[PDB]
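# A look at the structure
Residues per chain, in single letters:
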Amino acid sequence: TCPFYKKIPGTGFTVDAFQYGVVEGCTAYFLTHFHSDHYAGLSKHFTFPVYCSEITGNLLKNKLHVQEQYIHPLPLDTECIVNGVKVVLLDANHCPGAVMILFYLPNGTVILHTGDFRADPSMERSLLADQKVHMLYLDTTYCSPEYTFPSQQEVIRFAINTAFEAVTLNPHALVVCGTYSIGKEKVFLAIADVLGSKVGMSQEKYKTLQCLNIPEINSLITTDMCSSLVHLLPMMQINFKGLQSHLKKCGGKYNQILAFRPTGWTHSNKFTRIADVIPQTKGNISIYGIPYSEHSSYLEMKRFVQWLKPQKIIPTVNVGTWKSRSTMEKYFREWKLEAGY
Ligand code: NI
């Protein structure tokens with residue numbers, strides 16, 4: 001049974017709620033972005049409207065095979081009427097095609113649903129700046145002060161350097177990057193760009209990337225592995241036994257892999273900076289963990305909420321235990337007292 005934090009009051013609208021069957025009263029099903037926890041349930045047999053971004057639309061049509069008519073894509077940054085309710089989609093700074101959604105209720109209430117987001121100061125000069133937001137449905141993935149991590153630009157720097165160093169030192173080494181969903185494309189695109197290569201990948205991953213409206217994408221990616229010196233592999237596969245396995249398949253063309261595992265937070269963020277990172281090493285294979293986050297840090301979230309001064313906050317992440325719920329409320333109360341709203 002659909003939880004109350006996936007419903008929008010005063011509408012027939014639900015958000016990311018595709019796994020409960022038909023939801024009685026729901027005229028419209030919004031999907032914030034193409035990540036399986038959010039889309040769990042969709043298929044070719046869905047005959048209700050889905051409102052989403054164009055890119056999310058492309059992924060629905062091509063990867064899940066939903067029928068063109070039941071996908072309603074919308075442009076971003078554009079006031080749009082949807083069953084006689086004004087809505088806007090806003091860039092969420094999460095993965096490709098990920099959006100936040102502003103709902104303007106007839107009664108005068110204004111609700112922001114963040115989907116998954118990495119909060120940023122550029123959002124403070126968006127359409128959100130123009131009016132009061134009464135309710136906030138919030139991505140609380142990292143709502144605790146331990147959760148610090150570097151900027152994406154800091155991390156891309158490290159990467160571009162590690163990779164380019166080694167390739168110029170040993171020109172028969174391979175760069176690998178791990179992946180399992182959309183997101184974090186900048187990691188491999190940046191490495192390939194500095195090495196003068198295309199990124200090589202499976203047919204299924206090539207298919208996914210060709211739906212993302214990345215400019216000049218035909219010049220950046222290929223399904224020909226042999227021709228390329230940056231390769232993508234399943235994240236499950238980014239380990240010694242599996243990298244060994246893969247190092248065979250290339251057939252005497254490379255004598256060293258240098259892998260990267262972009263991950264979220266891990267407990268070594270609490271004691272080690274980004275300039276001072278190391279890999280695990282079992283012979284000629286070296287696996288880097290690098291903390292490229294597409295979710296708000298604690299400080300980023302805090303700043304965004306304190307600027308927004310919402311009258312009410314409804315968490316969408318870590319809401320399954322009373323302890324987490326209670327911990328989160330305490331932070332929201334601190335923030336509001338500091339800020340005077
Ligand atoms: Ni996500």
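Residues numbered from 1 in each chain as written, not as in the entry; some residues may be left out. Heavy atoms only, no water. Residues with missing side-chain atoms left out of burial classes, pairs and counts.

A separate point is the overall build of the chain. Scanning the chain from N- to C-terminus turns up eight helices and 17 strands. For the chain, whose C-alpha radius of gyration is 22 Å, the value lies close to the compact-globule estimate of 20 Å for 341 residues. Considering only C-alpha atoms, the chain reaches an extent of 70 × 50 × 35 Å along its principal axes. (Helix = DSSP H or I, 4+ residues; strand = E, 2+ residues; numbered from the N terminus. Rg over C-alpha atoms; globule rule 2.2 N^0.38 Å.)

Their axes nearest at 10 Å, the elements helix α7 (residues 298–308) and helix α8 (residues 322–339) cross at an angle of 55 degrees. It follows that α7 is oblique to α8 by the angle criterion. Here the hand of the crossing between α7 and α8 comes out right-handed. Touching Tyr298, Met301, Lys302, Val305 and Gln306 of α7 are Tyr331, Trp335, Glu338 and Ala339, all from α8. Per-class residue counts for the contact of α7 with α8 are six nonpolar, one polar and two charged. (Axes fitted to C-alpha atoms, helices over the stretch in contact; angles between N-to-C directions. Parallel < 35°, antiparallel > 145°, perpendicular 65-115°, else oblique. Left-handed = near helix turned anticlockwise from the far one by under 90°. Contact = heavy atoms within 4.5 Å. Nonpolar A, V, L, I, M, F, W, Y, C, P; charged D, E, K, R; others polar.)

The next point concerns the domain arrangement of the chain. Parsing the chain into structural domains produces domain 1 (1–147 + 296–341) and domain 2 (148–295). Averaged C-alpha coordinates put domain 1 and domain 2 at centres separated by 30 Å. Facing the 25 residues of domain 1 at the interface are 20 residues of domain 2. Among the elements that make up the side of domain 1 that touches domain 2, the one with the highest residue count is helix α2 (residues 54–64) (six residues). For the side of domain 1 that touches domain 2, a count of residues per class yields nine nonpolar, nine polar and seven charged. (Domains from an automatic or database assignment.)

Moving on to the packing of aromatic side chains. A full pass over the atoms with the stated rule returns 20 aromatic pairs. Every member of this aromatic cluster is reached through a ring pair, and the members are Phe13, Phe30, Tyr51 and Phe103. Above the face of the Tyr104 ring, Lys86 is positioned so that its terminal group lies 4.5 Å from the ring centre. Directly above the ring of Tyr331 sits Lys330, whose terminal nitrogen or CZ lies 5.7 Å from the centroid. (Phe/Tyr/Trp six-rings, centres within 6.5 Å; stacked < 30°, edge-to-face > 60°. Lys NZ or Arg CZ within 6 Å of the ring centre and 35° of its normal.)

With that settled, consider helix α3 (residues 152–169). Between its first and last C-alpha atoms α3 spans 26 Å; for 18 residues at 1.5 Å apiece the expected length is 26 Å, and the two agree. The complete set of buried residues in α3 reads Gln152, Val155, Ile156, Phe158, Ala159, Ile160, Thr162, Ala163, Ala166 and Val167. Close packing links the buried residues of α3 with β10 (173–179), α4 (185–195), β14 (256–263) and β16 (285–291). (Expected span 1.5 Å × (residues − 1). Buried < 20%, exposed > 50% of the residue type's maximum accessible area, 1.4 Å probe, protein only.)

Before going further, it helps to examine the sheet that holds strand β1 (residues 13–15). What the four strands build is an open sheet, ordered β1-β2-β3-β4; its pairing is parallel. Strands at the two margins of the open sheet, each flanked by one partner only, are β1 and β4 (71–74). Across the sheet, the axes of successive neighbouring strands diverge by a mean angle of 30 degrees, strand direction being ignored. By the bridge criterion, two bridges tie strand β2 (residues 28–30) to strand β3 (residues 50–53) in an arrangement that is parallel. Looking at the pairing, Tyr29 lines up with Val50 of β3. (Pairing = 2+ DSSP bridges.)

Once that is clear, we can look at the packing of α3 against α4. Relative to each other, α3 and α4 sit at 40 degrees, their axes nearing to 9 Å. Taken as axis vectors, α3 and α4 run oblique relative to one another. Taken as a pair, α3 and α4 cross one another with a handedness that is right-handed. Listed contacts from α4 to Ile156, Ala159, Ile160, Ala163, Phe164 and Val167 of α3 are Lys186, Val187, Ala190, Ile191, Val194 and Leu195. Counted by class, the contact of α3 with α4 contains 11 nonpolar, no polar and one charged residues.

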